[PDB]
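Number of protein chains: 2
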Amino acid sequence: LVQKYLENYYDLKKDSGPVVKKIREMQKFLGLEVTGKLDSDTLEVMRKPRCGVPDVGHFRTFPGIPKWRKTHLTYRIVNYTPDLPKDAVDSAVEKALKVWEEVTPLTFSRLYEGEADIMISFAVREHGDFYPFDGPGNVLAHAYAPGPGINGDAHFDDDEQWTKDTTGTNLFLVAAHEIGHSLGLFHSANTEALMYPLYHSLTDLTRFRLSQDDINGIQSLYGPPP
Amino acid sequence: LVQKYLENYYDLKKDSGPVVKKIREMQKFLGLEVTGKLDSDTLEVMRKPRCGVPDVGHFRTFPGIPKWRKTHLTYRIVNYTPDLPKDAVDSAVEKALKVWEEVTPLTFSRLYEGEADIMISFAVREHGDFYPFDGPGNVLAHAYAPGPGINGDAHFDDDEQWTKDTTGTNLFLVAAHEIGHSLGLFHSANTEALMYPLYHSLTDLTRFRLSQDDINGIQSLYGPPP
Ligand SMILES: [Ca+2]
Ligand SMILES: [Ca+2]
Ligand SMILES: [Ca+2]
Ligand SMILES: [Ca+2]
Ligand SMILES: [Zn+2]
Ligand SMILES: [Zn+2]
Ligand SMILES: [Zn+2]
Ligand SMILES: [Zn+2]
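Order-wise, the sequence lines are chains A and B.
Offset between the first sequence (1-based) and the numbering used here: plus 197.
Offset between the second sequence (1-based) and the numbering used here: plus 197.
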């Protein structure tokens, strides 16, 4: 468990000393106590649902480019999850994009056919890319950094119970985080940041907002709104 | 058969008039008679072993970049095919790279560990990317255009009987063609060009050489040797 967790999220030698060092890097990043041992608190954090994108970097197979070379992006919802009515998914995705439009000069237009910049889809287990999903729990979704083709796309594990509220896995929250990667953001070590790797089942969705860290990160790439 | 053949190699509408037009585009490109009907000669060409990369373009999922932004590239042989002894595969790949080094200012250094520019591997059926192999015959291999991560990589269908001579599928010939895509080349309509999509089971491997078309194509991207 801990081995592959460090392999997948902290690029630990794919082929003890090195492990304790990685355990510590993980503890520093996830806001735990920097000991180096598999504490009760540490083994617990590793069972919590999170984003599939690594913490110390980007997906090696599709690095992409640092940021979009244009401010007017297009998106398209390829398929839907049966857990929710089509209009609820559409709203969730639109509100997620709106969060980023607000703090940048970026715009998003929806396409219903063709090749859009950001393609959103639901999949389970093996879905064509090198990172298969893992059933309910653990990895919730993953997204790729800016670029052509598959880059910029966001995949959501359809083995999760996606909800409009917080009775399951909130689609809005996860989509907002994943769109962040689609625009060029990495994971943050700040526990109150949307870009934090672990899913925060927060009580009040109305009290939701990007933290200053999220804003600073996205504005350092595209600038502030005009 | 003909439907998916045009879908996969001539990006025919994924969702008759349009088909006859594509049948004709295919006939023009593959050196057949531009009729528009499923002739005996046409149905035959479609059963012949070929490269998995499309004829009217590039792989849409991983477009990559037009050419490498550096002349000194690295390559690595990830795994081997049991059909041949390790040294025979190594030679086949080295001779394939040599063909391109000769007519350009490009150099190739072999890495035995780490992330190289061009990763070569053998796979069967579903292998992690969006284009699964199809058992013996038909698609022999596929490669991606220049770029980071998976781009530049060459995959060989291990369901083929790879040989050192021409008693099966010559690894050297196919590797030389695939490396071509790895460097930025597209398929050519010239029947004597290495970049022609269909495998040419040629009699004398000593009489092998890049045609002027191959040379002109590769030199238009990287220039001639100094
Ligand atoms: Ca994309
Ligand atoms: Ca999961
Ligand atoms: Ca590569
Ligand atoms: Ca095959
Ligand atoms: Zn993430
Ligand atoms: Zn995926
Ligand atoms: Zn080819
Ligand atoms: Zn492949």
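Every residue gets a Cβ at the ideal spot worked out from N, C-alpha and C, and that includes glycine.
The Cβ atoms of B/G332 and B/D356 lie closer than 9 Å to each other.
Residues of the same chain with a CB within less than 6 Å of the CB of A/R273, apart from the 5 flanking positions on each side, are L308, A313, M316 in chain order. Pairwise C-beta distances place the stretch 388-406 of chain B in contact with the stretch 363-376 of chain B, as three or more of them are shorter than 8 Å. Contact between A/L380 and A/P343 holds, since their C-beta atoms are separated by about 7 Å, short of 8 Å.
With a beta-carbon spacing of about 6 Å, B/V290 and B/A372 fall inside the 8 Å limit used to define contacts. Distances from the CB of B/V321 to the heavy atoms of ligand 5 are all 8 Å or more. Contact between A/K361 and A/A285 holds: their C-beta atoms lie close to 5 Å from each other, under 8 Å. Under a 10 Å Cβ-count criterion, A/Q409 is classified as exposed, with fewer than 16 other Cβ atoms of the shown protein chains found around its own Cβ.
Distance from the CA of A/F353 to the CA of A/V253, rounded to the nearest whole angstrom, comes to 21 Å. Per DSSP, A/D326 lies in no alpha helix (DSSP H) and is assigned neither H nor E. Our two residues, A/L407 and A/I415, have alpha carbons roughly 10 Å apart in a direct line. Taking the C-beta atoms as reference points, B/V217 is found nearer than 9 Å to B/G233. Within 8 Å of the C-beta of A/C248 there is not a single heavy atom belonging to ligand 7. Counting along the chain, no beta strand (DSSP E) covers B/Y341, and no H or E run does either.
A direct Cα-Cα distance of roughly 47 Å separates A/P251 from B/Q224. Around B/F259, the beta-carbon contacts reaching into chain A at under 7 Å are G346, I347. Contact annotation: in the stretch 317-328 of chain A, residues whose CB is within less than 8 Å of a CB in chain B are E323, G325, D326, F327. In this model, A/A320 and A/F330 are separated by some 8 Å (Cα to Cα). Secondary structure note for B/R221: its alpha helix (DSSP H) is the uninterrupted segment 214-226. At a cut-off of 9 Å between beta-carbon atoms, A/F256 makes contact with chain B.
Nearest in C-alpha terms to B/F226, of all of B/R266, B/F305, B/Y207, B/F259, is B/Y207. Rounded to the nearest angstrom, the gap between the Cα atoms of B/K267 and A/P279 is 48 Å.
Within a 10 Å sphere around the beta-carbon of A/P282 sit fewer than 16 other beta-carbons, which makes this residue exposed.
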